[PDB]
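A.B. asks: The structure that follows is given in the form of structure tokens.
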Amino acid sequence: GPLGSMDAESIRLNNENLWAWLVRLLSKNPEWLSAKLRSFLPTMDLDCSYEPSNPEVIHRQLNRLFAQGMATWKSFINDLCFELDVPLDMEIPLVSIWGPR
């Protein structure tokens, strides 16, 4: 819907549950991730995979996005929800994932 502000993130704030969900679902889509990461990270060192789809390995990839932009994260999650078909709730709850704790 039309949002006057983008502060829905602070409202829908959740992270542990969302991260676990994100980690597992994205682990089922390393293919999507790498592809999208190339758009975000211009120097996408996605070839670096010491470990497979491990939680921290996933974290590593998402870390990179936080380095691009906090706004870039908000943008990424928009596509994440869109391209992965699954309706999580809204992208912005997930965008707020790096907020409190």
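Just so we're on the same page: first chain in the structure tokens is A, next is B, and so on; residues restart at 1 for each chain, and ligands are numbered from 1 in the order they show up.
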List the spatial neighbours of region 27-43 of chain A as number ranges by chain - criterion: any atom at most 8 Å away, only C-alpha atoms, same-chain residues fewer than 2 positions off excluded.
C.D. replies: A: 23-25, 45-46, 53-54, 58, 61, 64-65, 68, 72
A.B. asks: Export C-alpha atoms of the chosen residues as a PDB file, in the first residue's frame?
C.D. replies:
```pdb
ATOM      1  CA  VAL A  23      18.965 -18.383   6.159  1.00  0.00           C
ATOM      2  CA  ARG A  24      17.150 -21.629   5.415  1.00  0.00           C
ATOM      3  CA  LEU A  25      15.091 -20.402   2.471  1.00  0.00           C
ATOM      4  CA  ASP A  45      33.323 -12.303  -4.303  1.00  0.00           C
ATOM      5  CA  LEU A  46      30.689 -14.985  -4.417  1.00  0.00           C
ATOM      6  CA  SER A  53      25.228 -22.769   2.568  1.00  0.00           C
ATOM      7  CA  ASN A  54      26.241 -22.496   6.242  1.00  0.00           C
ATOM      8  CA  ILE A  58      24.825 -16.857   4.204  1.00  0.00           C
ATOM      9  CA  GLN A  61      26.620 -12.567   1.654  1.00  0.00           C
ATOM     10  CA  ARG A  64      27.972  -7.334   1.895  1.00  0.00           C
ATOM     11  CA  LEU A  65      24.563  -5.743   1.237  1.00  0.00           C
ATOM     12  CA  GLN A  68      26.279  -1.247   0.101  1.00  0.00           C
ATOM     13  CA  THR A  72      20.164  -1.154  -0.398  1.00  0.00           C
TER      14      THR A  72
END
```
A.B. asks: When DSSP works through the backbone of this structure, what residues of chain A end up as alpha helix (DSSP H), shown as JSON, numbers by chain?
C.D. replies: {"A": [16, 17, 18, 19, 20, 21, 22, 23, 24, 25, 26, 27, 30, 31, 32, 33, 34, 35, 36, 37, 38, 39, 40, 55, 56, 57, 58, 59, 60, 61, 62, 63, 64, 65, 66, 67, 68, 70, 71, 72, 73, 74, 75, 76, 77, 78, 79, 80, 81, 82, 83, 91, 92, 93, 94, 95]}
A.B. asks: Show which residues sit within 6 Å of region 84-96 of chain A, as a list in words. Count only C-alpha atoms, and ignore same-chain residues fewer than 6 positions away.
C.D. replies: residues 9, 12, 13, 74, 77 and 78 of chain A
A.B. asks: Restricting the calculation to only C-alpha atoms: of A:56, A:62, A:79, A:4, which residue gets closest to residue 97 (chain A)?
C.D. replies: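 Answer, going by the shortest atom-to-atom distance: A:62.
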A.B. asks: Could you jot down the CA of residue 75 (chain A) to CA of residue 47 (chain A) separation for me, Å, one decimal place?
C.D. replies: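 For CA of residue 75 (chain A) relative to CA of residue 47 (chain A), the distance reads 23.4 Å.
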A.B. asks: Rank A:11, A:48, A:2, A:99 by their smallest atom-to-atom distance to residue 66 (chain A), using only C-alpha atoms, and report the top residue only.
C.D. replies: A:99
A.B. asks: Give the answer as one residue: which of A:22, A:83, A:60, A:98 has the shortest atom-to-atom distance to residue 10 (chain A), using only C-alpha atoms?
C.D. replies: A:98
A.B. asks: Between CA of residue 44 (chain A) and CA of residue 67 (chain A), measure the distance and give it in Å to one decimal.
C.D. replies: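 Those two atoms sit 11.9 Å apart.
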A.B. asks: In Å to one decimal, how far is CA of residue 17 (chain A) from CA of residue 3 (chain A)?
C.D. replies: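 Distance between the two atoms: 24.9 Å.
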